[PDB]
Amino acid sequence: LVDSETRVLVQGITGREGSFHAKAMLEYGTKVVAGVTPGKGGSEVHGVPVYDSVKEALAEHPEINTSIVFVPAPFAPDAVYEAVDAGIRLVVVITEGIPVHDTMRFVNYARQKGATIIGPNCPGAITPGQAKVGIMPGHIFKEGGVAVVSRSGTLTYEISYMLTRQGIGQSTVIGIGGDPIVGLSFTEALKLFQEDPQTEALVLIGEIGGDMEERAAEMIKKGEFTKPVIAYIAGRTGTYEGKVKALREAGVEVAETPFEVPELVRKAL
């Protein structure tokens, strides 16, 4: 979902986080072509042109295909609707603290319109060496063949870094969010990675709550994902126990500790 063709629009760019990450993404090599902040149109942040609306940004920059949201919770839902209605197909929502019902509403709307939501309450996505649409520091990642999908932001960093230190690079790393309801799920992520030629193995980082991990083991058991899967579930249906048992009966190598993931991956490779 994230590569050299990524053209990013940053919603909430004049803000503290929006401006900082717009700069960090640029320095990493991500093509950030514009930003939006109502009332700041005509301005500029770190060289990036600012527009009062997504519509105006797109008029002047039609190559935009991805948006990242750094807008406070009260305004995050609106930012998502504005992007989707403008035709943007991938919207990364970093924003934390959005009422669950509101997220349920804009995620369903996005699904209805053919848009993909990553988040909310997530660090975004990164394809080491190609592009970053998120908040993760690029130095802890490395270009490789292991996909990482995670509900936990901290574990995404810790586990990715561990893999990198062992010389085990990643294809695309996606933090799908830690809220009760998020957009892209483990099963959907697995579907994407199954068709990704750069991905040889996948690391699934879950935790208690929801049935997303259980549905992923379910789709794997059905043979919908045939590459090796190493998982880790924090919190040691919805229970830690139930998730582990479920993934294991699906043929997934579950790690007892995060420190065990690298070796589980090295062998599977």
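In case it trips you up, residue 1 is the first one in the sequence shown, and so on.
Q. Are any deposited residues left out of the model between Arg236 and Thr237, and how many (none, 1 to 3, 4 to 9, 10 or more)?
A. 10 or more residues lack coordinates between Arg236 and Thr237.
Q | Mean temperature factor over C-alpha atoms, higher-scoring stretch between 188 to 196 and 130 to 138 | A | Looking at the record's C-alpha B-factors, the answer is 188 to 196.
Q: Could you check the entry and say whether 115 to 123 or 156 to 164 has the higher mean CA B-factor?
A: Per the PDB record, 156 to 164.
Q | Member of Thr30, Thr66, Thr226, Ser53 with the greatest C-alpha B factor (per the PDB record) | A | Checking the PDB record, the top C-alpha B-factor among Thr30, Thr66, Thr226, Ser53 is at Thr226.
Q.
What third of the chain does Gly251 rank in for C-alpha temperature factor, lowest, middle or highest?
A. Highest third of the chain for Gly251's C-alpha B-factor.
Q: Check where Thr257 lands among this chain's C-alpha B-factors and tell me if it's the lowest, middle or highest third.
A: It belongs to the highest third of the chain when residues are ordered by C-alpha B-factor.
Q | Ranked against its chain, the third holding the CA B-factor of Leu26 | A | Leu26: CA B-factor falls in the lowest third of its chain.
Q) When the modelled residues of the chain are sorted by Cα temperature factor, does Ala216 land in the lowest, middle or highest third? A) Ranked within chain, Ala216 CA B lands in the highest tercile.
Q.
Ranking the modelled residues of this chain by C-alpha B-factor as given in the entry, is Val48 in the lowest, middle or highest third?
A. Its C-alpha B-factor belongs to the middle third of this chain's values.
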